[PDB]
>>> print(open('model09.txt').read())   # compact mmCIF, N, CA and C atoms
# COMPACT_ATOMS: atom_id res chain seq x y z
N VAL A 1339 8.93 -7.90 18.63
CA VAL A 1339 9.92 -6.88 18.34
C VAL A 1339 9.36 -5.56 18.87
N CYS A 1340 10.21 -4.53 18.94
CA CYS A 1340 9.91 -3.20 19.46
C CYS A 1340 9.41 -3.27 20.91
N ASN A 1341 10.33 -3.70 21.77
CA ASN A 1341 10.27 -3.31 23.17
C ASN A 1341 10.94 -1.95 23.33
N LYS A 1342 11.00 -1.47 24.57
CA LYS A 1342 11.74 -0.29 25.01
C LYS A 1342 11.27 1.03 24.40
N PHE A 1343 10.30 1.02 23.49
CA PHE A 1343 9.77 2.20 22.83
C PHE A 1343 8.37 1.88 22.36
N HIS A 1344 7.47 2.84 22.47
CA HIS A 1344 6.18 2.76 21.80
C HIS A 1344 6.27 3.69 20.59
N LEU A 1345 6.28 3.10 19.41
CA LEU A 1345 6.33 3.85 18.16
C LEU A 1345 5.30 3.27 17.21
N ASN A 1346 4.38 4.11 16.76
CA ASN A 1346 3.48 3.74 15.67
C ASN A 1346 3.41 4.93 14.72
N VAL A 1347 3.64 4.67 13.44
CA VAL A 1347 3.65 5.71 12.44
C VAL A 1347 2.37 5.63 11.63
N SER A 1348 1.76 6.77 11.37
CA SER A 1348 0.65 6.84 10.44
C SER A 1348 0.98 7.92 9.43
N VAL A 1349 0.24 7.92 8.33
CA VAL A 1349 0.39 8.94 7.32
C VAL A 1349 -1.00 9.23 6.74
N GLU A 1350 -1.37 10.50 6.72
CA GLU A 1350 -2.70 10.89 6.30
C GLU A 1350 -2.63 11.81 5.09
N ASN A 1351 -3.74 11.90 4.37
CA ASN A 1351 -3.78 12.66 3.13
C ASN A 1351 -3.91 14.15 3.42
N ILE A 1352 -3.83 14.95 2.36
CA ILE A 1352 -4.03 16.39 2.46
C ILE A 1352 -4.57 16.91 1.13
N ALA A 1362 1.61 14.61 -2.25
CA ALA A 1362 1.86 15.30 -0.99
C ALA A 1362 0.85 14.87 0.06
N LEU A 1363 1.34 14.42 1.22
CA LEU A 1363 0.46 13.94 2.27
C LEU A 1363 1.23 13.98 3.59
N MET A 1364 0.54 14.37 4.66
CA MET A 1364 1.17 14.69 5.94
C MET A 1364 1.62 13.41 6.63
N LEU A 1365 2.92 13.33 6.93
CA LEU A 1365 3.49 12.20 7.65
C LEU A 1365 3.63 12.56 9.12
N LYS A 1366 3.12 11.69 9.99
CA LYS A 1366 3.07 11.96 11.42
C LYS A 1366 3.72 10.81 12.18
N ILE A 1367 4.63 11.15 13.09
CA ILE A 1367 5.36 10.18 13.90
C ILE A 1367 5.10 10.51 15.36
N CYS A 1368 4.79 9.49 16.16
CA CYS A 1368 4.58 9.64 17.59
C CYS A 1368 5.39 8.59 18.34
N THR A 1369 5.96 8.99 19.47
CA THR A 1369 6.87 8.10 20.19
C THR A 1369 6.79 8.34 21.69
N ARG A 1370 7.18 7.32 22.45
CA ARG A 1370 7.15 7.35 23.90
C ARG A 1370 8.10 6.29 24.44
N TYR A 1371 8.89 6.66 25.44
CA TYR A 1371 9.84 5.73 26.03
C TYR A 1371 9.14 4.79 27.00
N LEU A 1372 9.61 3.55 27.06
CA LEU A 1372 9.01 2.53 27.92
C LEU A 1372 9.74 2.39 29.25
N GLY A 1373 10.27 3.47 29.80
CA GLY A 1373 10.95 3.41 31.07
C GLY A 1373 10.38 4.38 32.09
N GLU A 1374 11.18 4.72 33.10
CA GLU A 1374 10.75 5.63 34.15
C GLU A 1374 11.34 7.02 34.02
N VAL A 1375 12.49 7.15 33.36
CA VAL A 1375 13.17 8.42 33.18
C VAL A 1375 13.11 8.76 31.70
N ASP A 1376 13.01 10.05 31.39
CA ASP A 1376 13.15 10.56 30.03
C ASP A 1376 14.50 10.14 29.47
N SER A 1377 14.48 9.27 28.46
CA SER A 1377 15.71 8.75 27.89
C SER A 1377 16.46 9.84 27.15
N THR A 1378 17.78 9.80 27.24
CA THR A 1378 18.63 10.83 26.68
C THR A 1378 19.07 10.47 25.27
N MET A 1379 19.14 11.49 24.41
CA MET A 1379 19.71 11.43 23.06
C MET A 1379 19.00 10.39 22.18
N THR A 1380 17.74 10.67 21.87
CA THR A 1380 16.96 9.82 21.00
C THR A 1380 17.25 10.18 19.55
N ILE A 1381 17.32 9.17 18.69
CA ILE A 1381 17.58 9.34 17.27
C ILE A 1381 16.37 8.84 16.51
N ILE A 1382 15.79 9.70 15.68
CA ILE A 1382 14.71 9.32 14.79
C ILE A 1382 15.32 9.13 13.41
N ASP A 1383 15.06 7.98 12.79
CA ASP A 1383 15.69 7.60 11.54
C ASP A 1383 14.59 7.32 10.52
N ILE A 1384 14.26 8.31 9.71
CA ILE A 1384 13.14 8.24 8.79
C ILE A 1384 13.67 8.14 7.37
N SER A 1385 13.21 7.14 6.62
CA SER A 1385 13.55 6.99 5.22
C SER A 1385 12.29 7.18 4.38
N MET A 1386 12.42 7.95 3.30
CA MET A 1386 11.25 8.35 2.53
C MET A 1386 10.74 7.21 1.65
N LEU A 1387 9.64 7.48 0.97
CA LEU A 1387 9.07 6.58 -0.03
C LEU A 1387 9.83 6.78 -1.34
N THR A 1388 9.31 6.26 -2.45
CA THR A 1388 9.92 6.54 -3.74
C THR A 1388 9.49 7.92 -4.19
N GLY A 1389 10.46 8.81 -4.39
CA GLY A 1389 10.18 10.08 -5.00
C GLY A 1389 9.57 11.12 -4.09
N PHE A 1390 9.46 10.84 -2.80
CA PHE A 1390 8.93 11.78 -1.83
C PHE A 1390 10.06 12.50 -1.14
N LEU A 1391 9.92 13.81 -1.00
CA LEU A 1391 10.94 14.63 -0.38
C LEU A 1391 10.30 15.48 0.71
N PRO A 1392 11.03 15.80 1.78
CA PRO A 1392 10.44 16.59 2.86
C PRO A 1392 10.25 18.04 2.45
N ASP A 1393 9.22 18.66 3.02
CA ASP A 1393 8.99 20.08 2.79
C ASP A 1393 10.06 20.86 3.55
N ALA A 1394 10.69 21.81 2.87
CA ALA A 1394 11.79 22.56 3.45
C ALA A 1394 11.35 23.62 4.44
N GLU A 1395 10.06 23.96 4.48
CA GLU A 1395 9.57 24.90 5.47
C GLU A 1395 8.82 24.23 6.61
N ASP A 1396 8.57 22.93 6.52
CA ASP A 1396 8.04 22.18 7.66
C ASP A 1396 9.14 21.54 8.48
N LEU A 1397 10.20 21.06 7.82
CA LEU A 1397 11.33 20.48 8.53
C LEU A 1397 12.14 21.57 9.23
N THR A 1398 12.18 22.77 8.66
CA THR A 1398 12.79 23.92 9.32
C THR A 1398 12.04 24.28 10.60
N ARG A 1399 10.72 24.16 10.59
CA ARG A 1399 9.92 24.36 11.79
C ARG A 1399 10.20 23.28 12.83
N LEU A 1400 10.55 22.07 12.39
CA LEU A 1400 10.93 21.01 13.32
C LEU A 1400 12.28 21.27 13.96
N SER A 1401 13.19 21.93 13.26
CA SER A 1401 14.54 22.16 13.76
C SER A 1401 14.70 23.49 14.47
N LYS A 1402 13.61 24.14 14.88
CA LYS A 1402 13.72 25.37 15.65
C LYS A 1402 14.16 25.03 17.07
N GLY A 1403 15.35 25.48 17.45
CA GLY A 1403 15.81 25.40 18.82
C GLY A 1403 16.93 24.38 18.98
N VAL A 1404 17.20 24.08 20.26
CA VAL A 1404 18.14 23.03 20.63
C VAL A 1404 17.40 21.74 20.97
N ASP A 1405 16.08 21.81 21.11
CA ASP A 1405 15.26 20.65 21.45
C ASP A 1405 15.27 19.60 20.34
N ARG A 1406 15.37 20.02 19.08
CA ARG A 1406 15.39 19.11 17.94
C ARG A 1406 16.38 19.62 16.90
N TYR A 1407 17.28 18.75 16.45
CA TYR A 1407 18.40 19.14 15.60
C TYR A 1407 18.49 18.23 14.38
N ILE A 1408 18.43 18.84 13.19
CA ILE A 1408 18.61 18.15 11.92
C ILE A 1408 19.96 18.58 11.36
N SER A 1409 20.58 17.71 10.57
CA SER A 1409 21.87 18.01 9.95
C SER A 1409 21.70 19.01 8.80
N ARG A 1410 22.82 19.34 8.17
CA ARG A 1410 22.79 20.23 7.02
C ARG A 1410 22.13 19.54 5.83
N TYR A 1411 21.12 20.19 5.27
CA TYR A 1411 20.42 19.64 4.12
C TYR A 1411 20.34 20.71 3.04
N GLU A 1412 20.29 20.26 1.79
CA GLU A 1412 20.18 21.16 0.65
C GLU A 1412 18.72 21.38 0.30
N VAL A 1413 18.43 22.57 -0.23
CA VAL A 1413 17.07 23.02 -0.50
C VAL A 1413 16.93 23.24 -2.00
N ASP A 1414 15.87 22.68 -2.58
CA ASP A 1414 15.55 22.93 -3.98
C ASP A 1414 14.07 22.68 -4.20
N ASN A 1415 13.40 23.67 -4.82
CA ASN A 1415 11.99 23.60 -5.22
C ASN A 1415 11.09 23.27 -4.03
N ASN A 1416 11.42 23.88 -2.88
CA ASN A 1416 10.75 23.68 -1.59
C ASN A 1416 10.76 22.22 -1.14
N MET A 1417 11.82 21.50 -1.52
CA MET A 1417 11.97 20.10 -1.15
C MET A 1417 13.34 19.90 -0.53
N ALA A 1418 13.39 19.17 0.58
CA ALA A 1418 14.67 18.82 1.17
C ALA A 1418 15.31 17.68 0.40
N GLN A 1419 16.63 17.75 0.23
CA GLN A 1419 17.34 16.79 -0.60
C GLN A 1419 17.87 15.60 0.20
N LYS A 1420 17.18 15.21 1.25
CA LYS A 1420 17.51 14.04 2.04
C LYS A 1420 16.44 12.99 1.81
N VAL A 1421 16.83 11.83 1.30
CA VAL A 1421 15.90 10.71 1.23
C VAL A 1421 15.75 10.06 2.59
N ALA A 1422 16.86 9.76 3.24
CA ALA A 1422 16.87 9.39 4.65
C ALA A 1422 17.11 10.66 5.45
N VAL A 1423 16.25 10.92 6.44
CA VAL A 1423 16.34 12.11 7.26
C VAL A 1423 16.45 11.70 8.72
N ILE A 1424 17.34 12.36 9.45
CA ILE A 1424 17.62 12.05 10.85
C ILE A 1424 17.19 13.22 11.72
N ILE A 1425 16.50 12.90 12.80
CA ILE A 1425 16.07 13.88 13.79
C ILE A 1425 16.73 13.52 15.11
N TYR A 1426 17.63 14.37 15.57
CA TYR A 1426 18.23 14.23 16.89
C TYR A 1426 17.46 15.10 17.86
N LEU A 1427 16.97 14.50 18.93
CA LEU A 1427 16.32 15.23 20.00
C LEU A 1427 16.83 14.69 21.33
N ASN A 1428 17.02 15.61 22.28
CA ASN A 1428 17.75 15.31 23.51
C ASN A 1428 16.98 14.36 24.41
N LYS A 1429 15.67 14.53 24.52
CA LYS A 1429 14.90 13.69 25.43
C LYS A 1429 13.67 13.15 24.71
N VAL A 1430 13.15 12.04 25.23
CA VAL A 1430 11.86 11.51 24.84
C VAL A 1430 11.03 11.34 26.11
N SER A 1431 9.79 11.79 26.08
CA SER A 1431 8.95 11.68 27.26
C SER A 1431 8.48 10.25 27.45
N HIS A 1432 8.31 9.85 28.71
CA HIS A 1432 7.77 8.54 29.03
C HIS A 1432 6.35 8.61 29.56
N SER A 1433 5.84 9.80 29.83
CA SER A 1433 4.44 9.99 30.20
C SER A 1433 3.59 10.30 28.97
N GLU A 1434 3.91 11.38 28.27
CA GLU A 1434 3.12 11.83 27.13
C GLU A 1434 3.68 11.24 25.84
N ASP A 1435 3.22 11.76 24.70
CA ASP A 1435 3.71 11.37 23.38
C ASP A 1435 4.31 12.59 22.72
N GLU A 1436 5.63 12.59 22.55
CA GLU A 1436 6.31 13.64 21.79
C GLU A 1436 6.10 13.34 20.31
N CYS A 1437 4.99 13.83 19.79
CA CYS A 1437 4.70 13.64 18.38
C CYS A 1437 5.36 14.72 17.55
N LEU A 1438 5.45 14.46 16.24
CA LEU A 1438 5.93 15.44 15.29
C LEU A 1438 5.33 15.09 13.94
N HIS A 1439 5.29 16.07 13.04
CA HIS A 1439 4.64 15.88 11.75
C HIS A 1439 5.23 16.84 10.73
N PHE A 1440 5.37 16.36 9.50
CA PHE A 1440 5.80 17.19 8.38
C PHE A 1440 5.32 16.54 7.09
N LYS A 1441 5.29 17.35 6.03
CA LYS A 1441 4.73 16.92 4.75
C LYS A 1441 5.82 16.39 3.83
N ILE A 1442 5.45 15.39 3.03
CA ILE A 1442 6.38 14.79 2.08
C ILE A 1442 5.90 15.02 0.65
N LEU A 1443 6.64 15.83 -0.10
CA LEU A 1443 6.20 16.29 -1.41
C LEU A 1443 6.71 15.41 -2.55
N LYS A 1444 5.86 14.54 -3.08
CA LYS A 1444 6.25 13.76 -4.25
C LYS A 1444 6.27 14.65 -5.49
N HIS A 1445 7.44 14.77 -6.11
CA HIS A 1445 7.52 15.49 -7.37
C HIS A 1445 7.47 14.53 -8.55
N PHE A 1446 8.39 13.57 -8.63
CA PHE A 1446 8.37 12.64 -9.75
C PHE A 1446 7.73 11.32 -9.35
N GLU A 1447 6.87 10.82 -10.23
CA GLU A 1447 6.04 9.66 -9.96
C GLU A 1447 6.61 8.44 -10.67
N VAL A 1448 6.82 7.37 -9.92
CA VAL A 1448 7.22 6.09 -10.48
C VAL A 1448 6.16 5.05 -10.14
N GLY A 1449 6.16 3.97 -10.91
CA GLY A 1449 5.29 2.85 -10.60
C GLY A 1449 5.81 2.06 -9.42
N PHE A 1450 4.89 1.43 -8.68
CA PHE A 1450 5.18 0.61 -7.51
C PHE A 1450 5.96 1.34 -6.42
N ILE A 1451 5.28 2.24 -5.72
CA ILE A 1451 5.75 2.87 -4.49
C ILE A 1451 6.28 1.82 -3.52
N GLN A 1452 7.42 2.13 -2.89
CA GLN A 1452 8.08 1.28 -1.92
C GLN A 1452 7.87 1.85 -0.52
N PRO A 1453 7.63 1.02 0.49
CA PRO A 1453 7.39 1.53 1.84
C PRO A 1453 8.59 2.25 2.43
N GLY A 1454 8.29 3.32 3.17
CA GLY A 1454 9.29 3.99 3.97
C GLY A 1454 9.50 3.27 5.28
N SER A 1455 10.27 3.91 6.16
CA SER A 1455 10.54 3.33 7.46
C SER A 1455 10.86 4.44 8.44
N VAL A 1456 10.56 4.18 9.71
CA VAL A 1456 10.90 5.08 10.81
C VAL A 1456 11.52 4.24 11.91
N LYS A 1457 12.75 4.55 12.28
CA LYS A 1457 13.47 3.83 13.32
C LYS A 1457 13.68 4.74 14.52
N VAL A 1458 13.64 4.16 15.71
CA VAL A 1458 13.94 4.87 16.95
C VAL A 1458 14.98 4.07 17.71
N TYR A 1459 15.94 4.77 18.31
CA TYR A 1459 16.93 4.20 19.22
C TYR A 1459 17.60 5.35 19.94
N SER A 1460 18.17 5.05 21.10
CA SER A 1460 18.84 6.05 21.92
C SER A 1460 20.28 5.62 22.17
N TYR A 1461 20.98 6.40 22.99
CA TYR A 1461 22.42 6.19 23.14
C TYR A 1461 22.73 4.94 23.95
N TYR A 1462 22.03 4.73 25.06
CA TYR A 1462 22.31 3.58 25.90
C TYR A 1462 21.73 2.29 25.36
N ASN A 1463 20.87 2.37 24.35
CA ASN A 1463 20.38 1.19 23.64
C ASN A 1463 20.53 1.44 22.14
N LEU A 1464 21.72 1.16 21.62
CA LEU A 1464 21.93 1.09 20.18
C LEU A 1464 21.63 -0.30 19.63
N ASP A 1465 21.37 -1.26 20.51
CA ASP A 1465 20.85 -2.57 20.13
C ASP A 1465 19.33 -2.60 20.13
N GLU A 1466 18.70 -1.46 19.88
CA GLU A 1466 17.26 -1.35 19.80
C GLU A 1466 16.86 -1.37 18.33
N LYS A 1467 15.84 -2.16 18.02
CA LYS A 1467 15.40 -2.39 16.65
C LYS A 1467 13.90 -2.17 16.50
N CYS A 1468 13.38 -1.06 17.02
CA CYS A 1468 11.97 -0.74 16.80
C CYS A 1468 11.85 0.00 15.48
N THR A 1469 11.41 -0.70 14.45
CA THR A 1469 11.14 -0.11 13.15
C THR A 1469 9.68 -0.35 12.79
N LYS A 1470 9.07 0.65 12.16
CA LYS A 1470 7.70 0.54 11.70
C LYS A 1470 7.60 1.20 10.34
N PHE A 1471 7.20 0.41 9.35
CA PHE A 1471 7.11 0.88 7.97
C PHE A 1471 5.78 1.57 7.74
N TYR A 1472 5.77 2.51 6.81
CA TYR A 1472 4.56 3.26 6.51
C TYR A 1472 4.34 3.30 5.01
N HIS A 1473 3.09 3.07 4.61
CA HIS A 1473 2.71 3.01 3.21
C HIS A 1473 1.50 3.92 3.09
N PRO A 1474 1.41 4.74 2.04
CA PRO A 1474 0.24 5.63 1.91
C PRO A 1474 -1.06 4.91 1.58
N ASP A 1475 -1.01 3.65 1.16
CA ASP A 1475 -2.22 2.89 0.88
C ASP A 1475 -2.47 1.77 1.88
N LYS A 1476 -1.44 1.02 2.27
CA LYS A 1476 -1.61 -0.04 3.24
C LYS A 1476 -1.44 0.53 4.65
N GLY A 1477 -2.09 -0.11 5.62
CA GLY A 1477 -1.99 0.32 6.99
C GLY A 1477 -0.65 0.00 7.62
N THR A 1478 -0.31 -1.28 7.69
CA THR A 1478 0.88 -1.69 8.43
C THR A 1478 2.18 -1.39 7.70
N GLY A 1479 2.12 -1.07 6.41
CA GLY A 1479 3.31 -0.73 5.66
C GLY A 1479 4.12 -1.89 5.15
N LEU A 1480 3.83 -3.11 5.59
CA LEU A 1480 4.53 -4.29 5.09
C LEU A 1480 4.10 -4.56 3.66
N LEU A 1481 5.05 -4.86 2.78
CA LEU A 1481 4.69 -5.25 1.43
C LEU A 1481 4.07 -6.65 1.44
N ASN A 1482 3.27 -6.92 0.41
CA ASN A 1482 2.33 -8.03 0.42
C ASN A 1482 3.06 -9.36 0.32
N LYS A 1483 2.77 -10.25 1.26
CA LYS A 1483 3.26 -11.62 1.21
C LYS A 1483 2.20 -12.54 1.79
N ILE A 1484 2.05 -13.70 1.17
CA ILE A 1484 1.07 -14.71 1.58
C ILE A 1484 1.83 -15.78 2.34
N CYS A 1485 1.59 -15.86 3.64
CA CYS A 1485 2.52 -16.52 4.54
C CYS A 1485 1.77 -17.52 5.40
N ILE A 1486 2.19 -18.78 5.34
CA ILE A 1486 1.53 -19.87 6.06
C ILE A 1486 2.50 -20.38 7.11
N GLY A 1487 2.41 -19.83 8.32
CA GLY A 1487 3.23 -20.28 9.43
C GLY A 1487 4.70 -19.97 9.28
N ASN A 1488 5.52 -21.01 9.23
CA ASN A 1488 6.97 -20.86 9.15
C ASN A 1488 7.44 -20.45 7.75
N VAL A 1489 7.07 -21.22 6.73
CA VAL A 1489 7.52 -20.94 5.36
C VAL A 1489 6.66 -19.83 4.78
N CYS A 1490 7.22 -19.10 3.83
CA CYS A 1490 6.58 -17.88 3.35
C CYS A 1490 6.90 -17.70 1.87
N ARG A 1491 6.10 -16.87 1.19
CA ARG A 1491 6.25 -16.63 -0.23
C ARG A 1491 5.84 -15.20 -0.56
N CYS A 1492 6.15 -14.79 -1.79
CA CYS A 1492 5.87 -13.44 -2.27
C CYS A 1492 4.49 -13.37 -2.91
N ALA A 1493 3.71 -12.36 -2.52
CA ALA A 1493 2.39 -12.18 -3.11
C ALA A 1493 2.45 -11.36 -4.39
N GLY A 1494 3.11 -10.21 -4.34
CA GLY A 1494 3.19 -9.32 -5.49
C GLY A 1494 2.37 -8.07 -5.30
>>> encode(input="model09.txt", output="structure tokens")
Amino acid sequence: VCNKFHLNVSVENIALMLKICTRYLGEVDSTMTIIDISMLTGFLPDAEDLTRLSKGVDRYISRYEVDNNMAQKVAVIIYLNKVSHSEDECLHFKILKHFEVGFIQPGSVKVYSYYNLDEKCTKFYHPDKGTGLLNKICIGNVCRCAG
């Protein structure tokens, strides 16, 4: 899975800084890339870091509500006109957990563009696990839940 895009998400400590990096797998800068980020449990974007991401016409976020320096979008969308195929157009912003629940659930970051809406490059991110996949003990074809 995840052809047509190089996407790997990491998240590092500091509330903890979430960093996304992406690169197109073609020859031309692909037009109208959509970043589709869904938060963890109880984590909200910083309203002064996401505002820094939306400076200009290069990157466009929709209308979001602001409260207690937290953006009120659990799923957040980043529209940007081009994605580079030589370098890595990275971006980063902080996710502020206010209310704490047991058993944090993995977030997700999706990438797709206009001419490929049949693109399914998703990569989950967990603040404790590396790959972001929730735990399962899996022997070949058949699989089970670890817990």
>>> closest_residue(input="model09.txt", among="A:1437, A:1425, A:1400, A:1451", to="residue 1384 of chain A", atoms="all atoms listed in the file")
A:1425
>>> closest_residue(input="model09.txt", among="A:1440, A:1390, A:1343, A:1411", to="residue 1457 of chain A", atoms="only C-alpha atoms")
A:1343
>>> select_by_dssp(input="model09.txt", residues="segment 1393-1465 of chain A", states="helix (DSSP H, G or I)", output="list in words")
residues 1397, 1398, 1399 and 1400 of chain A
>>> residues_around(input="model09.txt", residues="residue 1372 of chain A", least_positions_apart="4", cutoff="7 Å", atoms="all atoms listed in the file", output="number ranges by chain")
A: 1341-1344, 1431-1432
>>> select_by_dssp(input="model09.txt", residues="segment 1344-1494 of chain A", states="strand (DSSP E or B)", output="JSON, numbers by chain")
{"A": [1344, 1345, 1346, 1347, 1348, 1349, 1350, 1363, 1364, 1365, 1366, 1367, 1368, 1369, 1370, 1371, 1377, 1378, 1379, 1380, 1381, 1382, 1383, 1384, 1385, 1390, 1391, 1392, 1393, 1406, 1407, 1413, 1414, 1417, 1418, 1422, 1423, 1424, 1425, 1426, 1427, 1428, 1429, 1430, 1438, 1439, 1440, 1441, 1442, 1443, 1444, 1454, 1455, 1456, 1457, 1458, 1459, 1468, 1469, 1470, 1471, 1472, 1483, 1484, 1485, 1486, 1489, 1490, 1491, 1492]}
>>> closest_residue(input="model09.txt", among="A:1388, A:1345, A:1375, A:1383", to="residue 1444 of chain A", atoms="all atoms listed in the file")
A:1388
>>> atom_distance(input="model09.txt", atom1="atom CA of residue 1487 of chain A", atom2="atom N of residue 1450 of chain A")
28.3 Å
>>> closest_residue(input="model09.txt", among="A:1471, A:1419, A:1491, A:1466", to="residue 1340 of chain A", atoms="all atoms listed in the file")
A:1466
>>> residues_around(input="model09.txt", residues="residue 1460 of chain A", least_positions_apart="2", cutoff="6.5 Å", atoms="all atoms listed in the file", output="number ranges by chain")
A: 1378-1381, 1458, 1462-1464
>>> closest_residue(input="model09.txt", among="A:1346, A:1461, A:1391, A:1397", to="residue 1422 of chain A", atoms="only C-alpha atoms")
A:1391
>>> closest_residue(input="model09.txt", among="A:1433, A:1382, A:1445, A:1418", to="residue 1459 of chain A", atoms="all atoms listed in the file")
A:1382
>>> atom_distance(input="model09.txt", atom1="atom CA of residue 1493 of chain A", atom2="atom CA of residue 1474 of chain A")
18.6 Å
>>> atom_distance(input="model09.txt", atom1="atom N of residue 1402 of chain A", atom2="atom CA of residue 1427 of chain A")
10.6 Å
>>> residues_near_point(input="model09.txt", point="(16.1, 19.0, 23.4)", cutoff="6 Å", atoms="only N, CA and C atoms", output="JSON, numbers by chain")
{"A": [1404, 1405, 1406, 1427, 1428, 1429]}
>>> decode(input="model09.txt", residues="segment 1462-1481 of chain A", atoms="N, CA and C atoms", output="PDB file, in the first residue's frame")
ATOM      1  N   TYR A1462      -6.076  14.310  -9.210  1.00  0.00           N
ATOM      2  CA  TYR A1462      -6.100  13.316 -10.274  1.00  0.00           C
ATOM      3  C   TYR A1462      -6.007  11.894  -9.756  1.00  0.00           C
ATOM      4  N   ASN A1463      -5.696  11.709  -8.480  1.00  0.00           N
ATOM      5  CA  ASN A1463      -5.737  10.401  -7.834  1.00  0.00           C
ATOM      6  C   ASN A1463      -6.517  10.539  -6.523  1.00  0.00           C
ATOM      7  N   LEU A1464      -7.841  10.447  -6.623  1.00  0.00           N
ATOM      8  CA  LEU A1464      -8.684  10.289  -5.450  1.00  0.00           C
ATOM      9  C   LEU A1464      -8.858   8.830  -5.071  1.00  0.00           C
ATOM     10  N   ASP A1465      -8.355   7.915  -5.896  1.00  0.00           N
ATOM     11  CA  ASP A1465      -8.250   6.504  -5.557  1.00  0.00           C
ATOM     12  C   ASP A1465      -6.914   6.175  -4.911  1.00  0.00           C
ATOM     13  N   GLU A1466      -6.319   7.143  -4.226  1.00  0.00           N
ATOM     14  CA  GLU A1466      -5.064   6.964  -3.517  1.00  0.00           C
ATOM     15  C   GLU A1466      -5.378   6.734  -2.045  1.00  0.00           C
ATOM     16  N   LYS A1467      -4.728   5.736  -1.461  1.00  0.00           N
ATOM     17  CA  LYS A1467      -4.990   5.301  -0.099  1.00  0.00           C
ATOM     18  C   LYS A1467      -3.707   5.212   0.715  1.00  0.00           C
ATOM     19  N   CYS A1468      -2.864   6.239   0.666  1.00  0.00           N
ATOM     20  CA  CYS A1468      -1.681   6.252   1.525  1.00  0.00           C
ATOM     21  C   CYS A1468      -2.072   6.837   2.868  1.00  0.00           C
ATOM     22  N   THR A1469      -2.248   5.969   3.855  1.00  0.00           N
ATOM     23  CA  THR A1469      -2.514   6.379   5.222  1.00  0.00           C
ATOM     24  C   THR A1469      -1.424   5.831   6.127  1.00  0.00           C
ATOM     25  N   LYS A1470      -1.039   6.626   7.116  1.00  0.00           N
ATOM     26  CA  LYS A1470      -0.049   6.216   8.095  1.00  0.00           C
ATOM     27  C   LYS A1470      -0.493   6.709   9.457  1.00  0.00           C
ATOM     28  N   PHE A1471      -0.690   5.778  10.378  1.00  0.00           N
ATOM     29  CA  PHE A1471      -1.173   6.090  11.712  1.00  0.00           C
ATOM     30  C   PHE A1471      -0.009   6.484  12.608  1.00  0.00           C
ATOM     31  N   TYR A1472      -0.299   7.322  13.593  1.00  0.00           N
ATOM     32  CA  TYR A1472       0.734   7.787  14.502  1.00  0.00           C
ATOM     33  C   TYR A1472       0.259   7.645  15.938  1.00  0.00           C
ATOM     34  N   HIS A1473       1.144   7.139  16.793  1.00  0.00           N
ATOM     35  CA  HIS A1473       0.840   6.886  18.181  1.00  0.00           C
ATOM     36  C   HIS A1473       1.980   7.527  18.966  1.00  0.00           C
ATOM     37  N   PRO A1474       1.695   8.215  20.076  1.00  0.00           N
ATOM     38  CA  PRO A1474       2.781   8.843  20.842  1.00  0.00           C
ATOM     39  C   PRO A1474       3.681   7.858  21.567  1.00  0.00           C
ATOM     40  N   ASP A1475       3.277   6.598  21.712  1.00  0.00           N
ATOM     41  CA  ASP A1475       4.114   5.590  22.351  1.00  0.00           C
ATOM     42  C   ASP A1475       4.639   4.538  21.381  1.00  0.00           C
ATOM     43  N   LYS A1476       3.809   4.042  20.472  1.00  0.00           N
ATOM     44  CA  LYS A1476       4.257   3.064  19.500  1.00  0.00           C
ATOM     45  C   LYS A1476       4.822   3.783  18.279  1.00  0.00           C
ATOM     46  N   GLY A1477       5.738   3.114  17.588  1.00  0.00           N
ATOM     47  CA  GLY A1477       6.331   3.684  16.399  1.00  0.00           C
ATOM     48  C   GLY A1477       5.394   3.688  15.211  1.00  0.00           C
ATOM     49  N   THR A1478       4.953   2.506  14.784  1.00  0.00           N
ATOM     50  CA  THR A1478       4.186   2.403  13.552  1.00  0.00           C
ATOM     51  C   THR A1478       2.751   2.887  13.695  1.00  0.00           C
ATOM     52  N   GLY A1479       2.259   3.075  14.917  1.00  0.00           N
ATOM     53  CA  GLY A1479       0.918   3.572  15.130  1.00  0.00           C
ATOM     54  C   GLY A1479      -0.183   2.544  15.034  1.00  0.00           C
ATOM     55  N   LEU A1480       0.109   1.336  14.570  1.00  0.00           N
ATOM     56  CA  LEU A1480      -0.893   0.281  14.512  1.00  0.00           C
ATOM     57  C   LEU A1480      -1.196  -0.204  15.922  1.00  0.00           C
ATOM     58  N   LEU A1481      -2.474  -0.388  16.236  1.00  0.00           N
ATOM     59  CA  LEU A1481      -2.818  -0.964  17.525  1.00  0.00           C
ATOM     60  C   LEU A1481      -2.458  -2.446  17.549  1.00  0.00           C
TER      61      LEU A1481
END
